[PDB]
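>>> Here we go, the starting part of the complex in its complex frame:
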Amino acid sequence: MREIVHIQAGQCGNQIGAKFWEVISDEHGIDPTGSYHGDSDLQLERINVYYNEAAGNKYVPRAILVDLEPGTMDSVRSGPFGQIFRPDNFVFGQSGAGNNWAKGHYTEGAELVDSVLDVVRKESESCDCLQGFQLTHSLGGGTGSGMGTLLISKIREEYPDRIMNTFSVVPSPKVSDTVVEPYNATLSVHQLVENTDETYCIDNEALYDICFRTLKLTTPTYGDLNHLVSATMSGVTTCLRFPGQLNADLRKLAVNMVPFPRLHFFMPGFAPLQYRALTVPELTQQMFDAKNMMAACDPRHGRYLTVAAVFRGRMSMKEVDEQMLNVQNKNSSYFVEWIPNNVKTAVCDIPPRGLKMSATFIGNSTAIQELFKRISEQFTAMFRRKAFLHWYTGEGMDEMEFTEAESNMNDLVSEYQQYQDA
Amino acid sequence: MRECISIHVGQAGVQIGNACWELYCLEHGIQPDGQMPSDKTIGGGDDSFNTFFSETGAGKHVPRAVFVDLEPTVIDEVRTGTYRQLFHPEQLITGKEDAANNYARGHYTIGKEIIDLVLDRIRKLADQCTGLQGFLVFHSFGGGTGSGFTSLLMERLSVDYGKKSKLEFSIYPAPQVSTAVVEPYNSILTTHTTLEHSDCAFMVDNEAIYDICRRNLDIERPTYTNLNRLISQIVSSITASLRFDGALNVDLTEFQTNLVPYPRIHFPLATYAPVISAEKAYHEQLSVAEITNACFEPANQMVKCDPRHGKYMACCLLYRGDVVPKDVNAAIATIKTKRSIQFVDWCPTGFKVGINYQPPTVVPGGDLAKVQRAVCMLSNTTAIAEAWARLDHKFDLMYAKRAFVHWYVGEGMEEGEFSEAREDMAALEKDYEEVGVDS
């Protein structure tokens, strides 16, 4: 039955999670009460991937909601689809984590992690055949970052052969809540390097530049960024949520996308970003455009290890193949020659709400090193003077752990560079 | 009468099996409920079609077939489709979780838990045979199950039925219809492990079938249903001699005797003509000479390669429909005077020819037109080694970087197995060069 368990941790994680659930619930014809009111059996044909079936012939998201503070989960429960979530799947503490990875991972978070794992186990136990997990969170705060990576580590320990996938919002000084975000992000990337199979790098810098430059929004809110995130996530889960030609599970996708275990950080993109119907050439050109990428990295500065393209809507598969081939053949130097046929294409007949045609892009590119270099420089700029370290050592962390995290991330960068020059 | 057991492994093998058994039912006059009104012997018989169908006391004609996939989604369509009544449930075996395009997961991790059940169900069918000839094994090279479980299975069938012939029908990977980067690893790994266990293997390149569907059936974007119906026509041409009265290729052993003098060089090239669109409203029917000529055009081959630049070791022609020997012999004389057909020196220059009078069957509402005569050529030519070269080149490109190797090692396969299989492929290419070329 190929069940996925979804986990959203912290403020960012839970807001983007909520948008994800409202968007896909709309695609599957599920209303806020959990009743199906769609027009097509394809909407229900693979519904069990993300939704449990309840007695009242209710479909309930297979979703666990975690935070160290209550605020955001009250806001979820009051949100438009808030009644659809299982009440027992809300697991919240009272203390908060103060944007402090050490509080999320070692002190405040550890007290709550067991109760979160109990709910994960209760959901998995009733799965016909759990394929694995997806987590939504930011890396810049304390709960999603520190407690999220703690959760990931515990899930790996108890489900070591299951796929662990994250949608991870990466911090940027252009959209910043605290100065300590690079510390929290550096500590978290190391964890993801060890304990996830796939991590979608969603950079608030890129989301901001898209809202501002392309969408012409002078003052973009978190709501505007999360609209892009939810549309991207809908796109990336399309190929498993709707009927079609592909017999896939998270492991087959991972095996096709991840050539080396540590290099599993993907750039997502979306097109189109208006009433003019978009031709296949236009979707194809825009989905590969730097300006559509959500991890503010120039793909012309690296090479593609692998690419997945997912097209949604009624269109010519012939025309799709021709345009995808055109972009690969005309830009062959940006695709590594030593992985043949490394661009894969999926088509789903069902378009998202409002757009007639859309494309979602997943790239495993060596250019993602630019993101980690960015974070590393901000980390070093502080860590060379030990600035703000007392917030962390006061929760029991040693300087040594920071030095090791910094080293792990410079090694990740060096590995990406090795494969970019090969 | 001597039985043949068909084994369909993984998605490609199962769906091709579906197309083949549908076609066999139409050819033999067997309905979807299993009844065969033309069969006047109720509940038994030693007719030629009983090589492929057993009979119940209620008159049901039951394929001698096992379907085997490690996830349930493809076989469930068989369980609920038009021919659900044809097959006994114990013939249809599914696990819960597939091999994720990973040879190691099919062969070692998952295969270890289903192999005894599969061999037991196969044994159940064998105990119903009075003179079991062997097995017809349908699978992809590219899937985790089609590659790894199939090779595991072939080893065990060699242990449990060591005297019995085993034939393969193998789907060779094409980027135009496949969605995985690691298909070259799996293909090389399975060919290495299956070689000395397979007596004769018919490779079908999805790229060739794709292009035939596009060019000759005017299909803009062929689906698996199109590809499998065409493939099933070719499979039916190959097995017709086992299923109908006749004097050529009447036993699994004869495929090896006629087509394979070198046991490792056991990959015959199939070429089929004519393929004509059902929608083509004006079709001028093609003569024996034209279709036999078609047999020597690369565009009609199941693997794109150039037989002019290798050598033949054997060649035979299976005609269906309105064909008499005189027209065959005139066609062969003409083709010999017009085309580059070079045999190795130690094999006679010659064709074994089989003709089956019943015309080819097509699936109603299908993409193929009914024709008055058709032909399948099975030729053992060294030119087929071009496909191994292509696959080996892709393997070398990825393995030099160890790309994706960790997925296989993490399932418990050792890295040495990669270079052992690759070495064996290098030796296969060398065998084909020594047989096929001169300085």
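That came through fine. Numbering: from 1, shown residues only, chains lettered A, B, ... in the order given.
>>> ok, and what's touching the helix or strand containing residue B:256?
Using DSSP states H and E, residue B:256 sits within helix B:252-259. Residues outside helix B:252-259 that contact it (CB atoms under 8 Å, 6 or more residues apart in numbering or on different chains) are B:4, B:133-134, B:164-167, B:199-200, B:242, B:248-249, B:263, B:266, B:268, B:314, B:316, B:352, B:378, B:380. From N, CA and C alone the C-beta is placed, and that goes for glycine too.
>>> hmm, try it at 10 Å
With contact meaning CB atoms under 10 Å, 6 or more residues apart in numbering or on different chains, helix B:252-259 is reached by B:2, B:4, B:51, B:132-136, B:164-167, B:199-200, B:202, B:238, B:241-242, B:248-249, B:251, B:263, B:265-268, B:313-316, B:352, B:378-380.
>>> which residue is nearest the middle of the chain?
Just so you know, I chose chain A. residue A:167 (1.5 Å; CA atoms, centre = their mean).
>>> sorry, should have said chain B
Central residue of chain B (CA atoms, centre = their mean): residue B:169, at 2.3 Å.
>>> sequence below should go in as chain C:
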Amino acid sequence: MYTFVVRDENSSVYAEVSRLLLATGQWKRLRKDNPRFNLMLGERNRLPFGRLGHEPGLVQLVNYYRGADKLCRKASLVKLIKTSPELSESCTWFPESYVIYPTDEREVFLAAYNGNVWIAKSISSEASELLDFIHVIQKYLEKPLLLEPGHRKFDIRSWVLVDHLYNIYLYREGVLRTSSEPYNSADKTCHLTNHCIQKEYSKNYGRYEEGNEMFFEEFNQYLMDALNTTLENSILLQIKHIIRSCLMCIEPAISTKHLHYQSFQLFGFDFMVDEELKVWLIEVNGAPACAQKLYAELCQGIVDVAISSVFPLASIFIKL
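Adding chain C to the chains above:
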């Protein structure tokens, strides 16, 4: 842009073709092992023809015909001539030749013991010197046409381009590669005509013509002034006939009309002219170079007729 790869670093002809293609805007060169090419300029040795034509959405073209080696080696050419009924042992326009290995024509050639001067290659009248030299033994043309001024032997090189449609195009410019020593019946310097061999061992290397190369305008003028005929009538009819017969013989074996990749190839036919203005085929070269003076023009012709014909952008040949 169309895309191409270069895999033979020593080809002068295709180095110039490559540089021409680049100077269009619409061609990009790739690293030698990137498979996403429209056009392969292949290596001379063991070009991987089995890997061509398997890239969805790319029309692929290569500058060699697989199987043309049969025409472009001495033993394979002798065998093709003797064994193909359209050519036959009595070809008349090819010298009597026998394959000899160190299906060995040793005795079959010996039966031709008895003008008995022969050449062994891959020059004497006693067989023992030659068969004790180890290849093909070929009747050596004892009465060559000798140009008056300098009484000197020569050979004619013709360039021929075969396109993907198997049109056979004869480049209108040929070249005579001359000796500049008098021809003697009695020391391989007055007998041979290789460009290198004259620009080294032979003393006079330039006296009569530049680089021992004479072009059609001069040779035609000489044939008019000395023998009262033209190059077209006296020699070129025979050249065209020979080229057409050779390539039409192998067309079924090598054509790419119905194949999944397309081929073209540039050939260099070498001819000898005897004192009766009879033309003899000496050699077919599968990877010729060109005379300096004509590179620019010939390479442009390859782009026009062989490459842009398949990959069009936004006559120096005679069609045979």
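>>> mind redoing the contacts of helix B:252-259 now chain C's in there?
B:2, B:4, B:51, B:132-136, B:164-167, B:199-200, B:202, B:238, B:241-242, B:248-249, B:251, B:263, B:265-268, B:313-316, B:352, B:378-380.
>>> Drop anything exposed from the residues you listed.
For those, a neighbour count by 16 or more other CB atoms under 10 Å in any protein chain shown gives the buried set as B:2, B:4, B:51, B:132-136, B:164-167, B:199-200, B:202, B:238, B:241-242, B:249, B:251, B:265-268, B:313-316, B:378-380.
>>> Where strands are concerned, which of these count?
Residues of the buried ones among the contacts of helix B:252-259 located in strands (DSSP state E): B:4, B:134-136, B:165-167, B:200, B:202, B:313-316, B:378-380.
>>> how much space between the residue nearest to residue C:265 when sequence neighbours are not counted and residue C:255?
Nearest residue to residue C:265 in three dimensions, chain neighbours excluded: residue C:65, at 4.6 Å (CB to CB, 6 or more residues apart in numbering or on different chains). Note on residue C:65: its distance to residue C:255, by CB to CB, to the nearest Å, is 9 Å.
>>> Please compare those two by neighbour count and tell me which comes out ahead.
Neighbours were counted for residue C:65 and for residue C:255 using other CB atoms under 10 Å in any protein chain shown; residue C:65 has more, 26 against 17.
>>> Sequence for chain D below, add it please:
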Amino acid sequence: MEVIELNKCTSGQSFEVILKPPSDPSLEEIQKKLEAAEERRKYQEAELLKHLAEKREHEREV
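Below is chain D, added to the chains above:
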């Protein structure tokens, strides 16, 4: 050319045309190999879980 071994039945005929004359593993070994692979798997899993137990002890020390 020469046509030999002509056979004929109501369903067809066959024959041959000559244009020119001429000129192991045991079940025990399989079981061992599969079990060695399974042991490697078990070993990788134990390495992972040992690394995670080291992480748990570090968390308690923090």
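>>> The contacts of helix B:252-259 again please, this time with chain D.
B:2, B:4, B:51, B:132-136, B:164-167, B:199-200, B:202, B:238, B:241-242, B:248-249, B:251, B:263, B:265-268, B:313-316, B:352, B:378-380, D:16.
>>> again, 6 Å this time
Helix B:252-259 is contacted by residues B:133-134, B:165, B:199-200, B:268, B:314, B:316, B:352, B:380 when judged by CB atoms under 6 Å, 6 or more residues apart in numbering or on different chains.
>>> Residue C:291: which of the residues you listed is nearest?
residue B:380 (48.0 Å; CB to CB).
>>> does the closest one really touch residue B:267, like I thought?
No: counting by CB atoms under 6 Å, residue B:380 stays clear of residue B:267, with 7.7 Å between them.
>>> For the longest helix anywhere in chain C, which residues meet the burial criterion?
The residue-count maximum for a helix in chain C (DSSP state H) belongs to helix C:237-254. Across helix C:237-254, burial judged by 16+ other CB under 10 Å covers C:238-240, C:242-243, C:245-247, C:249-250, C:253-254.
>>> can I get those residues in CSV with distance to residue B:156?
Output for the buried residues of helix C:237-254, formatted as CSV (distance: CB to CB, whole Å):
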residue, distance to residue B:156
C:238, 70
C:239, 68
C:240, 67
C:242, 64
C:243, 62
C:245, 61
C:246, 58
C:247, 56
C:249, 55
C:250, 51
C:253, 46
C:254, 47
